[PDB]
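Enquirer: no sequence for this one, just the structure:
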DNA sequence: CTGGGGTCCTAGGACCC
DNA sequence: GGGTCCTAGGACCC
Ligand SMILES: Nc1ccn([C@@H]2O[C@H](COP(=O)(O)CP(=O)(O)OP(=O)(O)O)[C@@H](O)[C@H]2O)c(=O)n1
Ligand SMILES: [Mn+2]
Ligand SMILES: [Mn+2]
């Protein structure tokens, strides 16, 4: 049919929760990210900091080259987690059809709700307001007939605002929309479809689908469907965690197995505790390890295995350390585990 | 000067048709 | 010629 979707997105989420519990940071540049001593990167940044040009996923070295007086915080999870619990409860009051994406996001299908006389625009306005009133944080909304447009619109108005796209607005909206804003079209593909001349949807709309399944396979279909603004994906509230990882990047590389083993001794207890919260008996499907060398190439060894076992990890890492390092430094060691199927 | 937590997609070989 | 599991890797998102 024609549904009503509401992408809610907390505005620079982890930064906002810091500014509220510490109003001193309200107007001075702040970021959450690992310190440059540790080779970290920026998670999020307040608006005083984005002035300078600091964005998420930026190396901390560069965040300070463009904003020296940047206050760097490590980050507090629950403070973000507890806040993200509340917003989800607030969604619960309006629908049960809630697809949580990350901590600050949520797709909401409201097609079958009469909370605000069946107007998605108010329901969105309500959640944004009632989140503000009880958590003292601001949120932003995107209303659309489908999932990906509701998300694009949530960044449309950006800070403490919303943006609505009706089916009559859609065909014009997609003429000028660049492929890179379509969630799932990141840097590499954006660069590639453009080597073929395709920068906006409207360029793809005049293209052939037979060939787009040649050059891109399945991804060419998804591209083609939304360059057409078709998106059948349903708001699923049932998705579960499939895997639990713990990984670490160290200040200066390591070159000897004894060091790598010393790291594994310390990340295993965290992986145990984390997996305990979900499987108190530790039964799993596969476990494995992950190295990242200095040439940034990354390798994985993982094999079917019944229960989180410390000694098999050290074993498997050691074997990977031997036959795949080629005597390069390694900047990252990590442990992984794939959950059982239920 | 490049995190840490994840998701989904691809592809070859193995296994069992 | 199948499906499906197993494994490794890559693009992508917050
Ligand atoms: N690469 C990344 C990107 C995001 N994050 C995490 O994602 C959160 C919100 O996502 P987000 O993408 O919405 C950013 P937000 O802070 O909310 O800015 P906005 O107001 O424009 O939406 C941040 O608070 C970070 O912890 C990360 O850890 N690594
Ligand atoms: Mn956000
Ligand atoms: Mn978000």
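Expert: That came in fine, so what should we check first? Residues are numbered from 1 along each chain as shown, chains lettered A, B, ... in the order given. Ligands and ions are numbered 1, 2, ... in the order given.
Enquirer: how much space between the closest residue to residue A:69 other than its chain neighbours and ligand 1?
Expert: Distance criterion Cβ to Cβ, 6 or more residues apart in numbering; nearest residue to residue A:69, sequence neighbours excluded, is residue A:29 at 6.2 Å. The way it works is simple: take the backbone N, C-alpha and C, and place the C-beta from them, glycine included. Separation of residue A:29 from ligand 1 (Cβ to the nearest ligand atom, to the nearest Å): 14 Å.
Enquirer: now swap in residue A:156 and tell me
Expert: Residue A:156 is 11 Å from ligand 1, by Cβ to the nearest ligand atom.
Enquirer: does that residue really touch residue A:169, like I thought?
Expert: No. Contact criterion Cβ atoms under 8 Å: residue A:156 and residue A:169 do not qualify, at 11.5 Å.
Enquirer: Which one of those two is surrounded by more residues?
Expert: residue A:156 (18 against 14; other Cβ atoms under 10 Å).
Enquirer: ok, that one - contacts?
Expert: By Cβ atoms under 8 Å, 6 or more residues apart in numbering, the residues touching residue A:156 are A:142, A:163.
Enquirer: Repeat that for residue A:184.
Expert: Counting by Cβ under 8 Å, 6+ apart, residue A:184 has contacts residue A:222.
Enquirer: ok, so what distance separates residue A:292 from residue A:309?
Expert: Distance, residue A:292 to residue A:309, by Cβ to Cβ, to the nearest Å: 23 Å.
Enquirer: Is DNA strand C within reach of stretch A:167-178?
Expert: No. On the criterion Cβ under 7 Å from any atom of the strand, stretch A:167-178 is out of touch with DNA strand C, staying 11.9 Å away.
Enquirer: what's next to that stretch, contact-wise?
Expert: A:2, A:144-145, A:149, A:152, A:165, A:199-202, A:205, A:226-229.
Enquirer: Now, those residues that are in strands?
Expert: Within those, residues falling in strands by DSSP state E are residue A:144.
Enquirer: near DNA strand B, which residues of chain A show up?
Expert: A:34, A:36, A:39-41, A:43, A:56-57, A:59, A:61-62, A:65, A:102, A:217-219, A:239, A:241-249, A:270, A:274, A:296, A:331-332, A:334.
Enquirer: could you flag which of the residues you listed are buried?
Expert: A:34, A:36, A:39-41, A:43, A:244, A:246-247, A:249, A:331-332, A:334 (16 or more other Cβ atoms under 10 Å).
Enquirer: Pick out the most distant pair among the residues you listed.
Expert: Across those, no pair lies farther apart than A:36 and A:244, at 28.3 Å, counting by Cβ to Cβ.
Enquirer: Report the next helix or strand after the one helix or strand residue A:84 maps to in sequence order.
Expert: Taking DSSP states H and E as the definition, residue A:84 sits inside helix A:77-92. Once helix A:77-92 ends, the next helix or strand along the chain (criterion: DSSP H and E) is strand A:98-101.
Enquirer: That next one and DNA strand C, any residue contact?
Expert: Yes. Applying Cβ under 7 Å from any atom of the strand, one finds strand A:98-101 touching DNA strand C at residue A:101.
Enquirer: Can you give the contact residues for the next helix or strand after that strand?
Expert: The helix or strand immediately downstream of strand A:98-101 is strand A:105-109, counting by DSSP H and E. Outside strand A:105-109, the residues that touch it by Cβ under 8 Å, 6+ apart are A:3-10, A:87-88, A:91, A:94-95, A:97-101, A:127, A:147, A:150-151, A:234-235.
Enquirer: What strands line up against strand A:105-109, and which way round?
Expert: For strand A:105-109, the pairing partners within the sheet under DSSP bridges are strand A:5-10 (antiparallel), strand A:98-101 (antiparallel).
Enquirer: Take those and write them to CSV, including mean neighbour count and distance to ligand 3.
Expert: Formatted as CSV, the strands paired with strand A:105-109 follow (neighbours: other Cβ atoms under 10 Å; distance: least, Cβ to the ion, whole Å):
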stretch, mean neighbour count, distance to ligand 3
strand A:5-10, 26, 5
strand A:98-101, 17, 7
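Enquirer: Need those strands in CSV (columns: distance to ligand 2).
Expert: What follows is the strands paired with strand A:105-109, written out as CSV (distance: least, Cβ to the ion, whole Å):
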stretch, distance to ligand 2
strand A:5-10, 4
strand A:98-101, 10
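Enquirer: For residue A:49, list the residues it contacts.
Expert: Contacts of residue A:49 (Cβ under 8 Å, 6+ apart): A:15, A:29, A:30, A:31, A:63, A:67, A:70.
Enquirer: what's around the first one, how many residues?
Expert: Close neighbours of residue A:15, defined as other Cβ under 10 Å, add up to 25.
Enquirer: and if you look at the second one?
Expert: Other residues within reach of residue A:29, judged by other Cβ under 10 Å, total 21.
Enquirer: about what we covered before: taking the residues of chain A next to DNA strand B one by one, which sit in strands?
Expert: Filtering the residues of chain A next to DNA strand B for strands - DSSP E - leaves A:43, A:246, A:247, A:248, A:249, A:331, A:332, A:334.
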